[PDB]
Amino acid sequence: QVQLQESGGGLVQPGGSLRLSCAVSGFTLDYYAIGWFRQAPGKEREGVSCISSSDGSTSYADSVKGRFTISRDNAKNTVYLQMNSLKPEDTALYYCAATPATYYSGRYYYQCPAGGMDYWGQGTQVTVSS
């Protein structure tokens, strides 16, 4: 039932821009977070940005803060990653992922933990030429 499918990416020169898309289909969780992650060669997969399903609150890794924007179109249930001012160090394989929110003591937390994402996409390559 559940499937996340990335689209977008490719090759850009430094300073260029990209828009990644994540089509979320079959999702039935009431409250969840959707995150963009990336894995550079030889390195560990890290989180880049995270968005809440309830009110669209966002958080960003420091390395992309101000350059990357995560957003969701609830109609299409698609999550986007606008990537501006690209640098060679942004080269990686990019994944979107989804995980339930965490409920504790009357409160939900919307987190995108790299080691606890229940659902993953296939990943799309992003290359900044240098």
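Residue indices: 1-based, along the sequence shown.
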property	result
Given 6-14 and 112-120, the range whose Cα B-factors average higher in the PDB entry	6-14
Average Cα temperature factor in the PDB entry - higher stretch of 74-82, 44-52	74-82
Among 39, 57, 63, 105 - the residue whose C-alpha B-factor is largest in the record	39
Among modelled residues of the same chain, the CA temperature factor third for residue 94	middle
Chain-relative CA temperature factor third for residue 27	highest
